[PDB]
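Engineer: Supplied structure: final_1.cif, mmCIF, N, CA, C and O atoms.
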```cif
data_entry
loop_
_atom_site.group_PDB
_atom_site.id
_atom_site.type_symbol
_atom_site.label_atom_id
_atom_site.label_comp_id
_atom_site.auth_asym_id
_atom_site.auth_seq_id
_atom_site.Cartn_x
_atom_site.Cartn_y
_atom_site.Cartn_z
ATOM 1 N N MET Y 1 -8.020 -17.634 12.712
ATOM 2 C CA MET Y 1 -8.064 -17.527 14.182
ATOM 3 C C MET Y 1 -9.300 -18.244 14.730
ATOM 4 O O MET Y 1 -10.361 -18.186 14.110
ATOM 5 N N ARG Y 2 -9.169 -18.919 15.881
ATOM 6 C CA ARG Y 2 -10.255 -19.627 16.544
ATOM 7 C C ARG Y 2 -9.976 -19.647 18.052
ATOM 8 O O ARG Y 2 -8.902 -19.230 18.484
ATOM 9 N N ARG Y 3 -10.968 -20.061 18.848
ATOM 10 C CA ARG Y 3 -11.019 -19.870 20.295
ATOM 11 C C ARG Y 3 -10.968 -18.378 20.648
ATOM 12 O O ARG Y 3 -10.367 -17.992 21.648
ATOM 13 N N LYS Y 4 -11.611 -17.549 19.813
ATOM 14 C CA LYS Y 4 -11.772 -16.111 19.978
ATOM 15 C C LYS Y 4 -13.140 -15.729 19.409
ATOM 16 O O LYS Y 4 -13.707 -16.477 18.612
ATOM 17 N N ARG Y 5 -13.656 -14.553 19.798
ATOM 18 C CA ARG Y 5 -14.934 -14.043 19.319
ATOM 19 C C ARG Y 5 -14.752 -13.417 17.931
ATOM 20 O O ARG Y 5 -14.839 -12.200 17.765
ATOM 21 N N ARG Y 6 -14.493 -14.277 16.940
ATOM 22 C CA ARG Y 6 -14.388 -13.953 15.525
ATOM 23 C C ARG Y 6 -14.949 -15.140 14.746
ATOM 24 O O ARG Y 6 -14.218 -15.827 14.033
ATOM 25 N N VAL Y 7 -16.245 -15.414 14.927
ATOM 26 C CA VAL Y 7 -16.931 -16.530 14.309
ATOM 27 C C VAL Y 7 -17.001 -16.288 12.800
ATOM 28 O O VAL Y 7 -16.291 -16.942 12.038
ATOM 29 N N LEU Y 8 -17.832 -15.324 12.388
ATOM 30 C CA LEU Y 8 -17.935 -14.865 11.013
ATOM 31 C C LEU Y 8 -16.999 -13.669 10.836
ATOM 32 O O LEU Y 8 -17.170 -12.658 11.516
ATOM 33 N N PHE Y 9 -16.032 -13.790 9.918
ATOM 34 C CA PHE Y 9 -15.103 -12.750 9.503
ATOM 35 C C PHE Y 9 -14.218 -12.225 10.645
ATOM 36 O O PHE Y 9 -14.356 -12.617 11.804
ATOM 37 N N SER Y 10 -13.286 -11.332 10.294
ATOM 38 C CA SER Y 10 -12.383 -10.649 11.208
ATOM 39 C C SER Y 10 -11.753 -9.468 10.471
ATOM 40 O O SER Y 10 -11.952 -9.312 9.268
ATOM 41 N N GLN Y 11 -10.969 -8.649 11.180
ATOM 42 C CA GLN Y 11 -10.220 -7.550 10.606
ATOM 43 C C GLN Y 11 -9.289 -8.077 9.507
ATOM 44 O O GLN Y 11 -9.296 -7.563 8.391
ATOM 45 N N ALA Y 12 -8.515 -9.119 9.830
ATOM 46 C CA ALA Y 12 -7.594 -9.768 8.907
ATOM 47 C C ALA Y 12 -8.328 -10.340 7.692
ATOM 48 O O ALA Y 12 -7.898 -10.124 6.562
ATOM 49 N N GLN Y 13 -9.429 -11.067 7.920
ATOM 50 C CA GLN Y 13 -10.175 -11.721 6.853
ATOM 51 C C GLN Y 13 -10.783 -10.701 5.888
ATOM 52 O O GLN Y 13 -10.627 -10.829 4.678
ATOM 53 N N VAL Y 14 -11.456 -9.671 6.408
ATOM 54 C CA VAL Y 14 -11.999 -8.602 5.580
ATOM 55 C C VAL Y 14 -10.875 -7.867 4.862
ATOM 56 O O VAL Y 14 -11.053 -7.511 3.705
ATOM 57 N N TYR Y 15 -9.723 -7.656 5.507
ATOM 58 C CA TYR Y 15 -8.580 -7.044 4.835
ATOM 59 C C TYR Y 15 -8.208 -7.811 3.558
ATOM 60 O O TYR Y 15 -8.148 -7.209 2.487
ATOM 61 N N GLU Y 16 -7.968 -9.129 3.653
ATOM 62 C CA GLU Y 16 -7.631 -9.934 2.481
ATOM 63 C C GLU Y 16 -8.768 -9.983 1.455
ATOM 64 O O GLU Y 16 -8.502 -9.990 0.256
ATOM 65 N N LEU Y 17 -10.028 -9.996 1.906
ATOM 66 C CA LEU Y 17 -11.187 -9.992 1.025
ATOM 67 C C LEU Y 17 -11.282 -8.688 0.223
ATOM 68 O O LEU Y 17 -11.463 -8.732 -0.990
ATOM 69 N N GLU Y 18 -11.146 -7.533 0.887
ATOM 70 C CA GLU Y 18 -11.094 -6.218 0.258
ATOM 71 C C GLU Y 18 -9.934 -6.128 -0.734
ATOM 72 O O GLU Y 18 -10.135 -5.730 -1.880
ATOM 73 N N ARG Y 19 -8.729 -6.509 -0.296
ATOM 74 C CA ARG Y 19 -7.541 -6.576 -1.137
ATOM 75 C C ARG Y 19 -7.827 -7.402 -2.395
ATOM 76 O O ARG Y 19 -7.511 -6.967 -3.502
ATOM 77 N N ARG Y 20 -8.456 -8.573 -2.231
ATOM 78 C CA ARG Y 20 -8.792 -9.444 -3.342
ATOM 79 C C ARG Y 20 -9.785 -8.756 -4.273
ATOM 80 O O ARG Y 20 -9.553 -8.729 -5.472
ATOM 81 N N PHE Y 21 -10.868 -8.180 -3.738
ATOM 82 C CA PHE Y 21 -11.887 -7.472 -4.502
ATOM 83 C C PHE Y 21 -11.290 -6.351 -5.356
ATOM 84 O O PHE Y 21 -11.714 -6.152 -6.493
ATOM 85 N N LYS Y 22 -10.300 -5.632 -4.812
ATOM 86 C CA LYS Y 22 -9.589 -4.578 -5.521
ATOM 87 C C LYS Y 22 -8.760 -5.168 -6.667
ATOM 88 O O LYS Y 22 -8.798 -4.679 -7.792
ATOM 89 N N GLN Y 23 -8.010 -6.227 -6.358
ATOM 90 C CA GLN Y 23 -7.084 -6.892 -7.263
ATOM 91 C C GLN Y 23 -7.833 -7.579 -8.412
ATOM 92 O O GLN Y 23 -7.676 -7.202 -9.571
ATOM 93 N N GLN Y 24 -8.633 -8.595 -8.073
ATOM 94 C CA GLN Y 24 -9.457 -9.393 -8.962
ATOM 95 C C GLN Y 24 -10.912 -9.115 -8.597
ATOM 96 O O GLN Y 24 -11.324 -9.371 -7.467
ATOM 97 N N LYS Y 25 -11.687 -8.592 -9.554
ATOM 98 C CA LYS Y 25 -13.039 -8.114 -9.328
ATOM 99 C C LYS Y 25 -13.902 -9.149 -8.599
ATOM 100 O O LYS Y 25 -14.441 -8.855 -7.533
ATOM 101 N N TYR Y 26 -14.013 -10.350 -9.181
ATOM 102 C CA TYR Y 26 -14.716 -11.494 -8.612
ATOM 103 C C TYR Y 26 -13.891 -12.758 -8.855
ATOM 104 O O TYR Y 26 -13.307 -12.912 -9.927
ATOM 105 N N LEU Y 27 -13.864 -13.672 -7.876
ATOM 106 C CA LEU Y 27 -13.247 -14.980 -8.036
ATOM 107 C C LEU Y 27 -14.203 -15.873 -8.833
ATOM 108 O O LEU Y 27 -15.418 -15.786 -8.660
ATOM 109 N N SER Y 28 -13.659 -16.724 -9.712
ATOM 110 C CA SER Y 28 -14.431 -17.617 -10.561
ATOM 111 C C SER Y 28 -14.946 -18.812 -9.751
ATOM 112 O O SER Y 28 -14.667 -18.927 -8.560
ATOM 113 N N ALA Y 29 -15.711 -19.701 -10.396
ATOM 114 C CA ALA Y 29 -16.294 -20.873 -9.759
ATOM 115 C C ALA Y 29 -15.288 -21.741 -8.985
ATOM 116 O O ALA Y 29 -15.573 -22.065 -7.836
ATOM 117 N N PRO Y 30 -14.122 -22.121 -9.543
ATOM 118 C CA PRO Y 30 -13.128 -22.876 -8.792
ATOM 119 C C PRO Y 30 -12.386 -21.974 -7.802
ATOM 120 O O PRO Y 30 -12.101 -22.383 -6.679
ATOM 121 N N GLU Y 31 -12.042 -20.756 -8.231
ATOM 122 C CA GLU Y 31 -11.143 -19.878 -7.502
ATOM 123 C C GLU Y 31 -11.770 -19.340 -6.210
ATOM 124 O O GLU Y 31 -11.059 -19.161 -5.226
ATOM 125 N N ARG Y 32 -13.090 -19.112 -6.177
ATOM 126 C CA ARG Y 32 -13.783 -18.689 -4.962
ATOM 127 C C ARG Y 32 -13.631 -19.749 -3.861
ATOM 128 O O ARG Y 32 -13.435 -19.415 -2.694
ATOM 129 N N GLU Y 33 -13.699 -21.029 -4.249
ATOM 130 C CA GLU Y 33 -13.527 -22.181 -3.378
ATOM 131 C C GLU Y 33 -12.050 -22.330 -3.007
ATOM 132 O O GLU Y 33 -11.735 -22.685 -1.872
ATOM 133 N N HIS Y 34 -11.141 -22.015 -3.942
ATOM 134 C CA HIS Y 34 -9.709 -21.972 -3.679
ATOM 135 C C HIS Y 34 -9.399 -20.959 -2.572
ATOM 136 O O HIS Y 34 -8.668 -21.295 -1.644
ATOM 137 N N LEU Y 35 -9.955 -19.741 -2.657
ATOM 138 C CA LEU Y 35 -9.863 -18.730 -1.624
ATOM 139 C C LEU Y 35 -10.480 -19.250 -0.328
ATOM 140 O O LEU Y 35 -9.861 -19.127 0.724
ATOM 141 N N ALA Y 36 -11.681 -19.841 -0.387
ATOM 142 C CA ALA Y 36 -12.379 -20.300 0.806
ATOM 143 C C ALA Y 36 -11.534 -21.304 1.590
ATOM 144 O O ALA Y 36 -11.500 -21.242 2.815
ATOM 145 N N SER Y 37 -10.825 -22.197 0.891
ATOM 146 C CA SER Y 37 -9.872 -23.113 1.494
ATOM 147 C C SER Y 37 -8.643 -22.361 2.019
ATOM 148 O O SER Y 37 -8.259 -22.533 3.175
ATOM 149 N N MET Y 38 -8.020 -21.547 1.157
ATOM 150 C CA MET Y 38 -6.755 -20.868 1.407
ATOM 151 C C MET Y 38 -6.841 -19.939 2.618
ATOM 152 O O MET Y 38 -6.108 -20.122 3.587
ATOM 153 N N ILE Y 39 -7.707 -18.920 2.545
ATOM 154 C CA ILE Y 39 -7.790 -17.875 3.552
ATOM 155 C C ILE Y 39 -8.435 -18.426 4.825
ATOM 156 O O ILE Y 39 -7.918 -18.244 5.926
ATOM 157 N N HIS Y 40 -9.535 -19.153 4.608
ATOM 158 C CA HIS Y 40 -10.318 -19.999 5.504
ATOM 159 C C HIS Y 40 -11.673 -19.373 5.812
ATOM 160 O O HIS Y 40 -11.794 -18.538 6.705
ATOM 161 N N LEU Y 41 -12.677 -19.847 5.077
ATOM 162 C CA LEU Y 41 -14.087 -19.471 5.075
ATOM 163 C C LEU Y 41 -14.848 -20.579 4.326
ATOM 164 O O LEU Y 41 -14.249 -21.592 3.962
ATOM 165 N N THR Y 42 -16.153 -20.396 4.080
ATOM 166 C CA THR Y 42 -16.949 -21.272 3.229
ATOM 167 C C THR Y 42 -17.156 -20.546 1.899
ATOM 168 O O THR Y 42 -17.198 -19.316 1.890
ATOM 169 N N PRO Y 43 -17.303 -21.260 0.770
ATOM 170 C CA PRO Y 43 -17.544 -20.635 -0.522
ATOM 171 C C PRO Y 43 -18.832 -19.809 -0.531
ATOM 172 O O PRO Y 43 -18.932 -18.830 -1.266
ATOM 173 N N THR Y 44 -19.796 -20.184 0.313
ATOM 174 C CA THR Y 44 -21.042 -19.459 0.502
ATOM 175 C C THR Y 44 -20.788 -18.119 1.197
ATOM 176 O O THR Y 44 -21.205 -17.083 0.687
ATOM 177 N N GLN Y 45 -20.108 -18.131 2.349
ATOM 178 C CA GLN Y 45 -19.794 -16.933 3.112
ATOM 179 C C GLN Y 45 -18.952 -15.968 2.271
ATOM 180 O O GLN Y 45 -19.248 -14.776 2.216
ATOM 181 N N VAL Y 46 -17.934 -16.502 1.586
ATOM 182 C CA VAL Y 46 -17.163 -15.787 0.575
ATOM 183 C C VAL Y 46 -18.088 -15.108 -0.441
ATOM 184 O O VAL Y 46 -18.047 -13.887 -0.575
ATOM 185 N N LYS Y 47 -18.911 -15.879 -1.164
ATOM 186 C CA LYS Y 47 -19.785 -15.360 -2.206
ATOM 187 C C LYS Y 47 -20.697 -14.255 -1.673
ATOM 188 O O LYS Y 47 -20.862 -13.244 -2.345
ATOM 189 N N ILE Y 48 -21.259 -14.433 -0.471
ATOM 190 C CA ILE Y 48 -22.098 -13.443 0.191
ATOM 191 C C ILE Y 48 -21.324 -12.138 0.390
ATOM 192 O O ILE Y 48 -21.826 -11.083 0.019
ATOM 193 N N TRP Y 49 -20.105 -12.196 0.943
ATOM 194 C CA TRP Y 49 -19.252 -11.023 1.107
ATOM 195 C C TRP Y 49 -19.024 -10.322 -0.240
ATOM 196 O O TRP Y 49 -19.150 -9.100 -0.342
ATOM 197 N N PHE Y 50 -18.699 -11.111 -1.271
ATOM 198 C CA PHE Y 50 -18.432 -10.650 -2.628
ATOM 199 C C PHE Y 50 -19.681 -10.040 -3.285
ATOM 200 O O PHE Y 50 -19.555 -9.121 -4.097
ATOM 201 N N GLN Y 51 -20.884 -10.502 -2.921
ATOM 202 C CA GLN Y 51 -22.147 -9.910 -3.297
ATOM 203 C C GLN Y 51 -22.340 -8.570 -2.582
ATOM 204 O O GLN Y 51 -22.681 -7.575 -3.211
ATOM 205 N N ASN Y 52 -22.136 -8.543 -1.264
ATOM 206 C CA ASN Y 52 -22.391 -7.383 -0.432
ATOM 207 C C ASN Y 52 -21.560 -6.181 -0.887
ATOM 208 O O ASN Y 52 -22.054 -5.055 -0.875
ATOM 209 N N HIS Y 53 -20.308 -6.414 -1.301
ATOM 210 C CA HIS Y 53 -19.408 -5.342 -1.702
ATOM 211 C C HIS Y 53 -19.768 -4.763 -3.073
ATOM 212 O O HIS Y 53 -19.687 -3.548 -3.243
ATOM 213 N N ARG Y 54 -20.201 -5.586 -4.038
ATOM 214 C CA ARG Y 54 -20.695 -5.052 -5.306
ATOM 215 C C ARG Y 54 -22.045 -4.352 -5.119
ATOM 216 O O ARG Y 54 -22.298 -3.320 -5.742
ATOM 217 N N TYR Y 55 -22.898 -4.894 -4.240
ATOM 218 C CA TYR Y 55 -24.190 -4.318 -3.914
ATOM 219 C C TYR Y 55 -24.038 -2.934 -3.294
ATOM 220 O O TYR Y 55 -24.797 -2.028 -3.622
ATOM 221 N N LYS Y 56 -23.054 -2.774 -2.406
ATOM 222 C CA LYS Y 56 -22.730 -1.500 -1.792
ATOM 223 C C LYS Y 56 -22.491 -0.424 -2.848
ATOM 224 O O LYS Y 56 -23.073 0.654 -2.766
ATOM 225 N N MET Y 57 -21.645 -0.722 -3.840
ATOM 226 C CA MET Y 57 -21.328 0.186 -4.925
ATOM 227 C C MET Y 57 -22.567 0.512 -5.767
ATOM 228 O O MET Y 57 -22.706 1.642 -6.232
ATOM 229 N N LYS Y 58 -23.474 -0.456 -5.949
ATOM 230 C CA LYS Y 58 -24.725 -0.236 -6.661
ATOM 231 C C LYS Y 58 -25.611 0.737 -5.880
ATOM 232 O O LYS Y 58 -26.018 1.756 -6.426
ATOM 233 N N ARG Y 59 -25.899 0.422 -4.610
ATOM 234 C CA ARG Y 59 -26.710 1.236 -3.712
ATOM 235 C C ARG Y 59 -26.150 2.649 -3.553
ATOM 236 O O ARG Y 59 -26.926 3.600 -3.474
ATOM 237 N N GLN Y 60 -24.818 2.797 -3.509
ATOM 238 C CA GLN Y 60 -24.170 4.098 -3.447
ATOM 239 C C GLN Y 60 -24.598 4.913 -4.671
ATOM 240 O O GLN Y 60 -24.298 4.526 -5.800
ATOM 241 N N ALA Y 61 -25.346 5.998 -4.434
ATOM 242 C CA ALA Y 61 -26.058 6.774 -5.441
ATOM 243 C C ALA Y 61 -27.205 5.955 -6.047
ATOM 244 O O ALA Y 61 -27.166 5.608 -7.225
ATOM 245 N N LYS Y 62 -28.216 5.680 -5.205
ATOM 246 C CA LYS Y 62 -29.468 4.959 -5.449
ATOM 247 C C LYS Y 62 -29.308 3.524 -5.972
ATOM 248 O O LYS Y 62 -28.346 3.205 -6.666
ATOM 249 N N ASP Y 63 -30.269 2.655 -5.624
ATOM 250 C CA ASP Y 63 -30.286 1.233 -5.960
ATOM 251 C C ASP Y 63 -30.609 1.033 -7.445
ATOM 252 O O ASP Y 63 -31.702 0.593 -7.804
ATOM 253 N N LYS Y 64 -29.633 1.339 -8.304
ATOM 254 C CA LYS Y 64 -29.706 1.190 -9.751
ATOM 255 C C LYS Y 64 -29.537 -0.277 -10.160
ATOM 256 O O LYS Y 64 -28.542 -0.654 -10.776
ATOM 257 N N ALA Y 65 -30.540 -1.095 -9.818
ATOM 258 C CA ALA Y 65 -30.670 -2.488 -10.224
ATOM 259 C C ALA Y 65 -31.482 -2.529 -11.522
ATOM 260 O O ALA Y 65 -31.026 -1.998 -12.533
ATOM 261 N N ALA Y 66 -32.691 -3.110 -11.499
ATOM 262 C CA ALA Y 66 -33.628 -3.055 -12.614
ATOM 263 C C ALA Y 66 -34.370 -1.717 -12.564
ATOM 264 O O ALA Y 66 -35.582 -1.676 -12.357
ATOM 265 N N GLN Y 67 -33.617 -0.624 -12.731
ATOM 266 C CA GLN Y 67 -34.078 0.745 -12.584
ATOM 267 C C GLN Y 67 -34.200 1.366 -13.979
ATOM 268 O O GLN Y 67 -33.236 1.934 -14.489
ATOM 269 N N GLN Y 68 -35.381 1.236 -14.594
ATOM 270 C CA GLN Y 68 -35.669 1.701 -15.944
ATOM 271 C C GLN Y 68 -37.182 1.813 -16.136
ATOM 272 O O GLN Y 68 -37.903 1.010 -15.501
#
```
Using the file provided, produce a representation of the structure as structure tokens.

Structural biologist:
Amino acid sequence: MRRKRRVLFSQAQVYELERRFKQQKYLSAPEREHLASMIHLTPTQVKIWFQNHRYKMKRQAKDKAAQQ
């Protein structure tokens, strides 16, 4: 969608991204770009979203990153 106030992401776009994250954990090097073309985003914006969603699960019950 364009000529609307949906510059970065949308309800539809996040829906397919969430669906994808559930289905396939992470898209590979070619496939993330395949999605970015297909759905319509940049491979960077895609990767950032895909980072944010795994990060959310990490932060959920403390930020267990390099926690040792």

Engineer: Have a look at Y:60, Y:67, Y:52, Y:44 and name the one nearest to residue 29 (chain Y); count only C-alpha atoms.

Structural biologist: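 Of Y:60, Y:67, Y:52, Y:44, the one nearest residue 29 (chain Y) is Y:44, counting only C-alpha atoms.
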
Engineer: Pick from Y:54, Y:47, Y:59, Y:64: nearest to residue 31 (chain Y), with only C-alpha atoms counted?

Structural biologist: Y:47

Engineer: I need the alpha helix (DSSP H) residues of chain Y per DSSP on the backbone, written as JSON, numbers by chain.

Structural biologist: {"Y": [11, 12, 13, 14, 15, 16, 17, 18, 19, 20, 21, 22, 23, 29, 30, 31, 32, 33, 34, 35, 43, 44, 45, 46, 47, 48, 49, 50, 51, 52, 53, 54, 55, 56, 57, 58, 59]}

Engineer: Using atom O of residue 13 (chain Y) and atom C of residue 58 (chain Y) as the two end points, give the distance in Å to one decimal.

Structural biologist: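 Those two atoms sit 21.7 Å apart.
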
Engineer: Can you sort out the box for region 3-9 of chain Y, edges along x, y and z, all listed atoms in, 3 Å on every side, with centre and edge lengths in Å to one decimal, as AutoDock Vina command-line options?

Structural biologist:
```
--center_x -14.2 --center_y -16.1 --center_z 15.6 --size_x 13.6 --size_y 13.9 --size_z 18.1
```

Engineer: Which polymer residues have any atom within 7 Å of an atom of residue 32 (chain Y), counting all atoms listed in the file, with same-chain residues fewer than 5 positions away left out, as JSON, numbers by chain?

Structural biologist: {"Y": [26, 27, 37, 38, 42, 43, 46, 47]}

Engineer: Quick check, in Å to one decimal: how far apart do atom O of residue 45 (chain Y) and CA of residue 33 (chain Y) lie?

Structural biologist: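 So the answer is 10.9 Å.
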
Engineer: What is the atom N of residue 66 (chain Y) to CA of residue 36 (chain Y) distance in Å?

Structural biologist: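 Here the two named atoms are 29.3 Å from each other.
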
Engineer: Which residue, Y:35, Y:41, Y:50, Y:24, has the smallest gap to residue 6 (chain Y) when you use only C-alpha atoms?

Structural biologist: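 Nearest to residue 6 (chain Y): Y:41.
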